[PDB]
Amino acid sequence: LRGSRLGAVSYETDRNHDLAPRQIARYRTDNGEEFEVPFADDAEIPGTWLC
Amino acid sequence: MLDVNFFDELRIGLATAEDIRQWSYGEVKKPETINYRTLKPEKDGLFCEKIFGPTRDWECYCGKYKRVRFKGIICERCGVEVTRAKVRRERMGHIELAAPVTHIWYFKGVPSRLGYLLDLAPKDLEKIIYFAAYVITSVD
Amino acid sequence: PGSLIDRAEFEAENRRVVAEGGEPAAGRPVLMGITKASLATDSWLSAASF
Amino acid sequence: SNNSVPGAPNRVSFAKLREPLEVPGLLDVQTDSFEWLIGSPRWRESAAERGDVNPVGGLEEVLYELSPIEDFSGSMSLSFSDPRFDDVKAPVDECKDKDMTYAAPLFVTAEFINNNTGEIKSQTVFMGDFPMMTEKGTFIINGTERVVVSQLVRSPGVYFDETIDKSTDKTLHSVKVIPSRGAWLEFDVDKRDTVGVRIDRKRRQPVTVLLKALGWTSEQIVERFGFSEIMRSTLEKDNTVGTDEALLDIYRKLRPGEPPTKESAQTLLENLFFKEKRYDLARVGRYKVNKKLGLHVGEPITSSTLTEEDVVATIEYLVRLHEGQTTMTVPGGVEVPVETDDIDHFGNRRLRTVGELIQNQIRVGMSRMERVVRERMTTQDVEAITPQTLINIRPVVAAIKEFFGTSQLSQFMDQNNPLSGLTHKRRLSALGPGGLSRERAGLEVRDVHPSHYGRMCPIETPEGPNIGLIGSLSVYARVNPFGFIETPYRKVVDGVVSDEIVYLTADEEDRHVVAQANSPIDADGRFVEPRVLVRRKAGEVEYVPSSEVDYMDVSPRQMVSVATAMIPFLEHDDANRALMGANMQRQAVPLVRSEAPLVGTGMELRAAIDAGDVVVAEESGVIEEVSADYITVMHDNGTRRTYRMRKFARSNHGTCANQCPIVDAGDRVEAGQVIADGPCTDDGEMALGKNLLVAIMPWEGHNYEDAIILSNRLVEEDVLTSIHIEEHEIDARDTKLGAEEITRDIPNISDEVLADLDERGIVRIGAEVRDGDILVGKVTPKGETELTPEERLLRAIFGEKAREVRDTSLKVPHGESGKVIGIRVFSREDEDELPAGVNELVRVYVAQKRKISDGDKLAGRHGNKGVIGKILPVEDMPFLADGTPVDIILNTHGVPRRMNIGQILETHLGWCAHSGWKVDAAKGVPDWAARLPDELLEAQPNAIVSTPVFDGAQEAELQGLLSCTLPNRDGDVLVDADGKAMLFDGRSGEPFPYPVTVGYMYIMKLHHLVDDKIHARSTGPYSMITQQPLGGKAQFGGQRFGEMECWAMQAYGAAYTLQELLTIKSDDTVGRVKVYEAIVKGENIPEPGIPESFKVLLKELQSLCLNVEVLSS
Amino acid sequence: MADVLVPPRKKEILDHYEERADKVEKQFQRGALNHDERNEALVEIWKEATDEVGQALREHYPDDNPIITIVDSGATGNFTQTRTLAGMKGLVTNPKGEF
Amino acid sequence: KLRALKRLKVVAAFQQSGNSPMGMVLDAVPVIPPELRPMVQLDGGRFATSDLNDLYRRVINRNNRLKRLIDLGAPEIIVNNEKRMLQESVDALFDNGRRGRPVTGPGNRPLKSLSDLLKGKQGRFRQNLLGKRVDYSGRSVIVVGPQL
RNA sequence: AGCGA
Ligand SMILES: [Zn+2]
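Heads up: the sequence lines are chains E, H, X, V, L and Z, in that order. Sequential numbering from 35 applies to the first sequence in this note's numbering. Sequential numbering from 2 applies to the second sequence in this note's numbering. Sequential numbering from 11 applies to the third sequence in this note's numbering. Sequential numbering from 107 applies to the fourth sequence in this note's numbering. Sequential numbering from 12 applies to the fifth sequence in this note's numbering. Sequential numbering from 1389 applies to the sixth sequence in this note's numbering.
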């Protein structure tokens, strides 16, 4: 009697040494609200986004 | 949310809609959980990775940037933020209701809190909030 | 009236209110059972857990 | 002077009396009930002997009450008849092996009739497979072995009682006529004298309303009720009058909101109290009511519905109860005493047996079937249908299956020893469906009403939270066809004790007066002294003159159960410790030798051959061929028969079940003789332990506070050793990625451990295994997961394949070892019955020979339990002057304060039996030995003896026997008349300054062995929703550090240890791995984080729209 | 069992108190008193009998008898258990609570 | 005066704090993180939902039905009935069995709403606060150790 | 569901 999840343990703790260089994009809503989503250097920013 | 043994108060409080939709990270609006065939969470459902975080550490729904070096970013296509797979333990959702709805505890639990606030009998307030009778809310 | 409050808070309130116009709130000692004593505590977490 | 079993050893008895009635078949309460359900010819002829007029089985009864079933039109009907079985589809052992349920088909002749046109459509419908009771009074479901426990339930009928009103100090009498499948009525007297009549728990009604509704309007009330003073008082409190007036008003109350029309009122009363289909006080209730009101003196039992005569007689009897009338000579019937009833008196507490329970379940299943049948009986087109197209057997078979599996009466067979196998049957359980759970089963029903005598043992009952709820049937008790418990009695006419054995229920017990078996019968049926001990109706105890006694007990030990009856000298032990001893006598384990006890009762041979686990020569003859496997018997007329043994079969609690023959090839056997000993049996009779030399002195504190010390002799000579068999299982099933395979091509593992596995997975038979070893090489797909760079380069350097199939082979769990007896492998390729998505099922049977180890639990037959403090070498043991070491050393301090000196008397008598005696009757017989039986004046060494429980060794007789205890080999009377002996300290050497009691005591090894208890966890599995460590030794888990333990810690003030135990050992998910890292690296333990249950709590509160937040200052 | 000595005067004590029990029973039979009064009288009489039997046992046993030794040491057990092991059990309670 | 006291209680409770009473009626209902209402598969594909997913469904389906009804244009009877069902669904989500018949599941078993996760003996305030299983532990039968 | 202290 047991169970599991479709997950990755990925034993890697954390690394603040190198973060894949990333800018931040912003997609204002229809009511003057802004919700920043970071995007990588190689990221292809969308024209519009689900905020 | 995340802090250290710094503790002096635990303040409970009645929450407001702005607080709820500020708490949430997305708006679940489909009554589905998992694709029956591939056994993966649906998009925009009760278990969508975009709304509630990945099920797999440092991985994304469309396998674009599955690595630690890619962290904190959102995969542009599938939209799942890449991070550890325990944010699902914490991230919450919210449902925008097409019609406001009264909370039950403050209506039914005797003594009725709405009954005392609006000076209304519970026997007659049930008839209102369950669409059995009308209420005049203004007069000129 | 009829509400039950801690003796220390009662006395401190009386000390505060003798100034700014003096009126005493009339208090009487009570002997209350342990169930009600425990439930009428100050922390909401403990009362909820009880 | 026992008989029956020809080969039963000549066990000499101290019985001063002679029992007329032999012990009945101890498993009749199961076998006869089941055969009553079926309708077996044996039951048919027995009922012919004992109430011929109506021979009907439980099936026939349910089918008759079902037939006919008619549509609302009434133009067509359906009927059933002739329940009939086929032979079983597979034998007992095959069903047990292949996990099939031992059953046989049911065939019922259905018959559809069409009223308007007129036909009969008769078939033989397969009703379903039905489980069958085996020879041993047990059922076999899915291979496992199950027993249905008879259930004590309040009988339906009319119950009278009164309460006192402290506000008015008046007796308030009432009545409750509670039937099966009916309604609740309560005639009673209010604080103001008025006959309030509450119907179905609805506001009490003036009786006059109901009489008018009965047609006995106020006028007819006067016509019948004349002395009924409260009746005329309520003719004034009637608040109305008139048949239809009261009918309409009452019917408005009865069915509020529905038009109070007189028609529907009449139909309602008919449909609720006189429509059998909707209402029934069953046969039992009808008999109870007709005997309590004496309506029908002897009318054949039928008409399972109330009568208007019955209700008016009830009202008259209740008023007369308030009038305190002596009796009510009902017109047309007999005077019945006007006494209030009890609720625990066994005249009111009937016993549903297996037959009744299965019949009720079948009735419910047939109700569902019937609803479906009548539903489609209209929708289906006429002139086109048949009972084949009408009947549905799915709900019936489902009901039977859901009863036998997953019901708190279809209990798992508790067979760790043959006695337990017997005693789990015959067990009475007052908790069940339609029964009182422990929530409502308070103390009130847990006492021993004086009606239990001879019907339910007062001693045996589980010591846990079930004391009194679960009991066991008496030895001689029998089951009334109506579910009551009849008991045998010897009737005595004019002071002459006959042998006419009449069986009485509790009611007749109360009616008459009962004497004692241990009374001076003067060899003619005639009592000696006139003042005779006797019992009266209310449990009172008196000295009646020897003229009014009309019944006398069949024998002593009639009030005791089976297991308890095997405790020697029981009458000396206190009830508490005797109860403990009875509850532990069922917990012994089968040893490898199973030597019989020296001192016993008569109930070691009978309770052995009736236990079932002993092979019995069916019919007389001679022996042809013996083996360790089978015995061939040559009957006196041509036929031979092979009794197959059961060698090393695993029981339901992992204990051995070996059966070994005792006869020789040339021996002659007679019918009913023991032919092969079972697990705990020796030469026919029970052997639950061993006869050990015992001393009763406190030794070096090791036997401090119930601890026990054994010699190394028991370890060495294998005296106390138990074979244990565990069953491990694994299934190669289908998955999403592919199919799982049992094989040898396992992923990374040295070929060193693959030596035991056979060519095709599973291990070779006999290969010894240790904890963590492989048993079934089994591998399962894992798909594609990108590898960590470190393991990727490890594979690059060590050239190891990915082995996309992950490995989850069957590893024997931690802390277990032993040999591999058998390997039972199934397969889909063999077209064996496997559940969906399963390719290949395999089970492996491991076995171990657990020797007696310190910490195990040993106990005598007097509740003197105890763990083993230490096993000394044989030399450092107190040894007698003859060099014989004692084998176990009990503690003195436990004897006096526990009031169980039965062990001391057993010790003395055991030494007497071991040494052998010779009462030198040179000049006549000594004073003490005058009333001893013959051939007890001398005995041989190691001679077996028996003392029946309540007529046994007297103290004077024991002193006399101990006086002469002829010497062992030289002239050495080691034990003096007192019963003690001079022991030499084996350790230091000097003699002990005071003589010490020594003897032979029979002790048993209990099933609470250390190996099954020791448990530990450093880091193992974890829970799912909460991240706490798991629980149970089946898993690793940890120990629940519960709230009181928290309190203990706070009182100590150990805040840091509390923090550790509640944060970084249970729930700090990121803290556990950090703690482990620090421990391995030798660093410091980190500061706890936040508990996980606390964060869960926070998230639920925020989900409840409660803004919970933490504030710094 | 040789070390469990019975009080020799027990039969005489039993007959003496049995006579009083018989007299109370006779007085109840002749209607001089009701059911509960006679029950109470028997209870008191048998309490007296129990006390007398216990006293006789206590004065009978020696000091080196192991049972009275363990008791009088305070190691464990009260004197009532010895009284009930040898001598008299006394009164036994009803399921309801009466005697 | 007695009623005035009983009401002034809550009235002054709301006045003293910065709490607006708008939160008593609700417009956005939060959804608990999924690992706290997981569907863990058992070995064999027999999935194990958490009994809150069906309630969250009920609310989602009824909300979407209301949204489509209002978009399409529906009579007052249908729209008000739909709002009533939405209300009942939310009340069941928060405390099933409080008002009216408890919402049953298969086997006529009442479902476990959020309130039931805290109330009674089986709440969080007890099951994981009356004690926890702890790592680095063990147990065994005991024997007397006179030489210790 | 059953069981031990
Ligand atoms: Zn992606």
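Every residue gets a Cβ at the ideal spot worked out from N, C-alpha and C, and that includes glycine.
Considering just the uninterrupted stretch of the beta strand (DSSP E) at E648/V, what are its terminal residues? Position 542 of the fourth sequence holds residue 648/V. Where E648/V is concerned, the enclosing beta strand (DSSP E) starts and stops at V647 to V650.
Sequence ranges, alpha helix (DSSP H) only - wholly within the segment 52–85 of chain L, length at least 4: Those alpha helix (DSSP H) runs which fall completely within the segment 52–85 of chain L and span 4+ residues are 77–83.
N797/V in three-state terms, based on DSSP: In the fourth sequence, residue 797/V corresponds to position 691, counting from 1. In the three-state reduction of the DSSP assignment, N797/V falls in the strand class.
Touching or not, the segment 1049–1069 of chain V and the segment 952–972 of chain V, by the rule of three or more beta carbon pairs under 8 Å? Taking a cut-off of 8 Å on C-beta distances, the segment 1049–1069 of chain V does not touch the segment 952–972 of chain V, as fewer than three cross pairs fall below it.
Beta-carbon within less than 8 Å of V440/V's beta-carbon, same chain only, minus the 5 sequence neighbours each way: which residues are those? Looking up residue 440/V in the fourth sequence gives position 334. A distance below 8 Å between beta-carbons, with the five flanking residues on each side excluded, links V440/V to the following residues of its chain, in chain order: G400 and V403.
DSSP bridge partner residues for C766/V (one or two, in chain order): Indexing the fourth sequence from 1 puts residue 766/V at position 660. When beta bridges are read from the DSSP output, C766/V appears opposite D783/V.
Ranges of the alpha helix (DSSP H) found wholly within the segment 322–381 of chain V, counting only runs of at least 4: As far as the segment 322–381 of chain V is concerned, its whole alpha helix (DSSP H) runs of at least 4 residues are 324–330, 335–342, 349–360 and 368–379.
One or two residues paired with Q136/V in a DSSP bridge: Your numbering for residue 136/V matches position 30 in the fourth sequence. The partner list for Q136/V (beta bridge, DSSP) is empty, contrary to what the question assumes.
List, in order along the chain, the chain E residues whose C-beta lies closer than 8 Å to that of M1130/V? Translated into the one-based positions of the fourth sequence, residue 1130/V becomes position 1024. Close partners of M1130/V in chain E (Cβ separation under 8 Å): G37.
I need the straight-line Cα distance from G81/E to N854/V, nearest angstrom please. The residue you call residue 81/E lines up with position 47 of the first sequence. The residue you call residue 854/V lines up with position 748 of the fourth sequence. Cα to Cα, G81/E sits roughly 51 Å from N854/V.
Can you list the residues near ligand 1, meaning Cβ strictly closer than 7 Å to any non-hydrogen atom, in the order they appear in the chain? My final list is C61/H, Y62/H, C63/H, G64/H, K65/H, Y66/H, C76/H, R78/H, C79/H and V81/H.
So, at 7 Å on beta carbons, what are the nonlocal neighbours of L820/V in its own chain, with the 5 sequence-adjacent residues on each side left out? By 1-based counting over the fourth sequence, the position of residue 820/V is 714. Closer than 7 Å at the Cβ level, and outside the excluded window around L820/V, lie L826, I958 and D993.
With DSSP run on the structure shown, which of helix, strand or coil describes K1139/V? Reading the fourth sequence from its first residue, position 1033 is the one you call residue 1139/V. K1139/V: coil per DSSP, three-state reduction.
Please classify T244/V: is it buried, with 16 or more other beta-carbons within 10 angstroms of its beta-carbon, or exposed? For the purposes of this step, residue 244/V is identified with residue 138 of the fourth sequence, where counting begins at 1. By the 10 Å Cβ count, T244/V comes out buried.
Do you know offhand how far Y1182/V's Cα is from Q1145/V's? On the fourth sequence, residue 1182/V is found 1076 positions in, with the first residue counted as 1. On the fourth sequence, residue 1145/V is found 1039 positions in, with the first residue counted as 1. Straight-line spacing of the CA atoms in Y1182/V and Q1145/V works out to 19 Å.
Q1535/Z (DSSP reduced to helix, strand or coil): Sequence index remark: in the sixth sequence, residue 1535/Z carries index 147 (1-based). In the structure shown, the three-state DSSP call for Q1535/Z is coil.
Using a Cβ-Cβ cutoff of 8 Å, what residues of the segment 83–101 of chain L are near chain V? List them in chain order. Cβ contacts with chain V come from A86, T87, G88, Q92, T93, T95 and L96.
DSSP three-state assignment for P437/V, whether helix, strand or coil: Residue 437/V sits at position 331 when you count from the first residue of the fourth sequence. The answer is coil: DSSP assigns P437/V none of H, G, I, E or B.
Apply the 10 Å Cβ neighbour rule to residue 180/L and answer buried if 16 or more other Cβ atoms are within range, or exposed otherwise. Outside the displayed range of chain L (12 to 110) lies residue 180/L, so it cannot be described from this structure.
Among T567/V, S557/V and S604/V, nearest to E592/V - alpha-carbon criterion: Taking the first residue of the fourth sequence as 1, we reach residue 592/V at position 486. Check the Cα spacing between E592/V and each of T567/V, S557/V and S604/V: the tightest is with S557/V.
Hey, is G1085/V's beta-carbon within less than 8 Å of any beta-carbon in chain L? The sequence position of residue 1085/V within the fourth sequence is 979, counting from 1. Flagged as an interface residue toward chain L: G1085/V, by a C-beta distance shorter than 8 Å.
Checking 8 Å against the spacing of the C-beta atoms, do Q229/V and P501/V come in under that value? Locating residue 229/V in the fourth sequence gives position 123, where the first residue counts as 1. Locating residue 501/V in the fourth sequence gives position 395, where the first residue counts as 1. No.
Could you spell out where the alpha helix (DSSP H) holding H279/V opens and where it closes? Locating residue 279/V in the fourth sequence gives position 173, where the first residue counts as 1. DSSP places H279/V outside any alpha helix (DSSP H); the residue lies instead in the beta strand (DSSP E), whose first and last residues are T277 to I284.
Please compile the residues from chain Z whose C-beta is within a distance smaller than 9 Å of the C-beta of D960/V. If you number the fourth sequence from 1, residue 960/V lands on position 854. Those within 9 Å of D960/V in chain Z are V1531.
Would you list the one or two residues that DSSP bridges to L1072/V? Indexing the fourth sequence from 1 puts residue 1072/V at position 966. Note: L1072/V sits in no beta bridge, so no partner.
Locate the beta strand (DSSP E) running through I130/H, then write down its first and last residues. What you label residue 130/H is simply residue 129 of the second sequence in a count that begins at 1. No beta strand (DSSP E) holds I130/H; the alpha helix (DSSP H) holding it covers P123 to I130.
Mind checking the segment 42–61 of chain H against chain E and listing, in chain order, the residues whose C-beta falls within less than 7 Å of any C-beta there? Of all residues in the segment 42–61 of chain H, only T56, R57, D58, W59 and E60 come within less than 7 Å of chain E when Cβ atoms are compared, listed by chain position.
Whether or not the segment 744–763 of chain V and the segment 793–808 of chain V are in contact is what I'm after, with contact meaning three or more pairs of Cβ atoms, one per stretch, closer than 8 Å; do they touch? Taking 8 Å as the limit for Cβ pairs, the verdict is that the segment 744–763 of chain V does not touch the segment 793–808 of chain V.
Among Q1046/V, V1051/V, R310/V and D600/V, the one whose alpha carbon lies nearest that of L711/V: Numbered from its first residue, the fourth sequence carries residue 711/V at position 605. Of the candidates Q1046/V, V1051/V, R310/V and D600/V, the one whose C-alpha sits nearest the C-alpha of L711/V is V1051/V.
If I follow the unbroken alpha helix (DSSP H) through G164/V, where does it start and stop? As a working note, residue 164/V is residue 58 in the fourth sequence. Segment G164 to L172, the alpha helix (DSSP H) holding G164/V.
Have a look at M99/L and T61/L and give me their C-alpha separation to the nearest angstrom. Residue mapping note: residue 99/L aligns to position 88 of the fifth sequence, counting from 1. Residue mapping note: residue 61/L aligns to position 50 of the fifth sequence, counting from 1. Between the C-alpha atoms of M99/L and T61/L there is a straight-line separation of about 6 Å.
Rounded to whole angstroms, what is the Cα-Cα separation between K318/V and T349/V? Position 212 of the fourth sequence, counted from the start, is the residue given in the question as residue 318/V. Position 243 of the fourth sequence, counted from the start, is the residue given in the question as residue 349/V. Near 4 Å, if we compare the C-alpha coordinates of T349/V and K318/V.
Check this for me: beta carbons of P1421/Z and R89/H, under 8 Å apart or not? Working through the sixth sequence from its first residue, we reach residue 1421/Z at position 33. Working through the second sequence from its first residue, we reach residue 89/H at position 88. Yes; because the gap between Cβ atoms is below 8 Å, this pair is in contact.
For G1488/Z, does the count of other Cβ atoms within 10 angstroms reach 16, so buried, or fall short, so exposed? For the purposes of this step, residue 1488/Z is identified with residue 100 of the sixth sequence, where counting begins at 1. A residue is called buried once 16 or more other Cβ atoms fall within 10 Å of its Cβ, and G1488/Z, having fewer, is exposed.
Helix or strand or just coil, what does DSSP make of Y1108/V? Translated into the one-based positions of the fourth sequence, residue 1108/V becomes position 1002. Strand, per DSSP.
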